[PDB]
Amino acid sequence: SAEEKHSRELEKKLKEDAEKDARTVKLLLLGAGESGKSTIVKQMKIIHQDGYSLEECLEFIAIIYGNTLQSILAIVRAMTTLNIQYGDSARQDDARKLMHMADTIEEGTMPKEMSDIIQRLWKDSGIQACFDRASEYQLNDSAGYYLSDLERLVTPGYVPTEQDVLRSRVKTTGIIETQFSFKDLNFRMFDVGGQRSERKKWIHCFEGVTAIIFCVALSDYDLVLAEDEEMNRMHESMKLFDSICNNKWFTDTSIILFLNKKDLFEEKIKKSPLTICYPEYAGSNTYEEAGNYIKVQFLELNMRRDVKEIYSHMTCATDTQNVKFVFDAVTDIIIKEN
């Protein structure tokens, strides 16, 4: 029969999908906002999928300009909130103009007049003093990155580099999945992204994934939530991990901890005392001790019956070689364990 034949056709295709699914590694990325999940996903494209096309990089210019403006306005508004005086009075007029322009120009654009003001502001000592006190307000991680190289970004013929792309941040909703081949296997990595809803209603969807990569921003140890300036970001991240690690749907799941932003952490640890996060901390505020302390705080949240080890890695998600290296280590254990 025609219908019967068609059904047989569909079935032979379904049979392929099953064979393929059998040889596929599923990786669920989890972690608080700004922990490094989107960046890891961008790295999979750069490392395992031939990076970004010319046009794709060009599409990132608007995002990069948005991020850059957003960063400077944050510092500028903090001048008032923190009561920090400009190094040069003339900067006041620049700030006033920049703020008017901000809600006048099209989103994602960077006029010469704007960049000129931004470069002048960036050079001011008051602005620099405010920038160093980022912990006290909400500032993008890439603020210094883009602002320090603003001239390049606005030079005609400018084409975003992979690092420029990696440093970007775009607001999106919905789950994001990336698929690729590596080590003669298929990989499916997903990040739930902008998911405004209760986790309990969807977390079961991931029962059975090959492994969970939990991202923690080491540098969040002295930051607070944008929406709740009373919630320490690291405490929030710990609650998230506690909830996930001890969840009934992941009793025997392989979990790997990515202690991310080690580069920002390494610099911050020389400025901020870890005790801001852990009052009881009695170690030395060094990259070694402090980072190990944070690692232990997270690992100790694991109350699972199956005591299988939760591997930890100090990472810099924006560093392609670091990620390529860690991911290579990670995948080896997975393949040689699952």
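So that there is no doubt, residue numbering starts at 1 and follows the sequence shown.
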### Summary
Quick note on 224 to 232 and 170 to 178: per-entry mean CA temperature factor is higher in 224 to 232
## Note on the structure
Taking the deposited Cα B-factors and averaging over 34 to 42 and over 49 to 57, the higher mean is found in 49 to 57
### Message
Per the entry's Cα B factor values, which of 281, 311, 65, 298 stands out as the maximum?
### Response
281
### Query
Looking at 162, 191, 107, 116, which has the highest CA B-factor as recorded?
107
### Query
According to the PDB entry, is the CA B factor of residue 70 in the bottom, middle or top third of its chain, that is, lowest, middle or highest?
middle
### Query
In terms of the CA temperature factor given in the entry, to which third of its chain does residue 126 belong: lowest, middle or highest?
middle
### Task
Tell me, lowest, middle or highest third: where does the Cα B factor of residue 269 rank within its chain?
highest
### Task
Would you please rank residue 112 by its C-alpha temperature factor against the other modelled residues of its chain and give the third it falls in: lowest, middle or highest?
highest
### Query
Which third of the chain holds residue 185 when residues are ordered by C-alpha B factor: lowest, middle or highest?
highest
